[PDB]
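The chain that follows stands alone, in the form deposited in one PDB entry, written as structure tokens.
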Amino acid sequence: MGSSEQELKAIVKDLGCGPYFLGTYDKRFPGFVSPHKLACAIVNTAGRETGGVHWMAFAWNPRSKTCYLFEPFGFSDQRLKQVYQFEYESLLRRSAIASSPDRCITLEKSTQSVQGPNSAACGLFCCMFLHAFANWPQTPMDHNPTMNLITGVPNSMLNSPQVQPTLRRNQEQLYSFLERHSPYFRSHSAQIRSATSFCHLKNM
């Protein structure tokens, strides 16, 4: 359940990200070594020895020296460490030393959730954010034709009724986007919908 690496690699290639995509990685992703080229990756919070827990997307624009982090719940760094034991200082330091003459970068990280609290669609949301980054690498988080299809909410409000229509609609728009843009998703639509559904993780 959730999405495998093979699934996410096929979808990212369908979305046109292939020229800049480094691949899928576990939490040891080393960072970007790319002072002159756009690059991006999908990175799990856990190590490969666990089989995967949660997907994030990292992307890098060499001309603005900006590393983007899109994690679908928009957790603070403290909550990423609390919930997922994930920290990414090392990969940011490697990226700045390898890819910027001044050893300085801007980190731009999402602060809102797009995903519902029982959903298993994290990897698919990362693939949609990387279509936006490959096409609008100066404004991938919002104000572009892909990310305008979905709406972030404060992660503190996730279990409140006033945001449930928005989170449902976000996952419906993610699947419609992947039907339009990914022949892999089209050919696997039912299977992936069932494995990643909005309430796939709901307590019983």
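For every residue, the number given is its place in the sequence shown, counted from 1. Only residues modelled in both forms are compared. Under this definition, the rigid core comprises the largest set of C-alpha atoms superposing within 1.5 Å between the forms.
In this entry, 28 to 36 shows the higher mean Cα temperature factor of the pair 131 to 139 and 28 to 36. Between the stretches 86 to 94 and 70 to 78, it is 86 to 94 that shows the larger average CA temperature factor.
Among all modelled residues in its chain, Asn118 ranks in the middle third by Cα B-factor. In the deposited entry, the Cα temperature factor of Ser99 places it in the middle third of its chain's modelled residues.
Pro154: CA B factor lies in the middle third for its chain, per the PDB record.
For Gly51, the recorded CA temperature factor ranks within the highest third of the chain's modelled residues. Residue-level temperature factors show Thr166 in the middle third of its chain, judged at the C-alpha atom.
As for the form deposited in another entry, it is not shown, yet the points below apply to it.
Lining up the core between this form and the one not shown shows that one residue from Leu91, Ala120, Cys126, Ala134 moves its Cα 2 Å or more, and that residue is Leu91. Once both forms are fitted on their core, a CA shift of 2 Å or more is seen for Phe29 between this form and the one not shown. Residue displacement note: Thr111 has its CA displaced by under 2 Å between this form and the one not shown (rigid core superposed).
In the other form, the Cα-Cα separation between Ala59 and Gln82 shrinks by 3 Å or more relative to the displayed conformation. The pair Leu22 and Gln82 is at least 3 angstroms closer at the CA level in the other form than in the present model.
Regions where at least three consecutive shared residues each shift by 2 Å or more at the C-alpha between this form and the one not shown, after core superposition, span 28 to 33, 76 to 79, 81 to 96.
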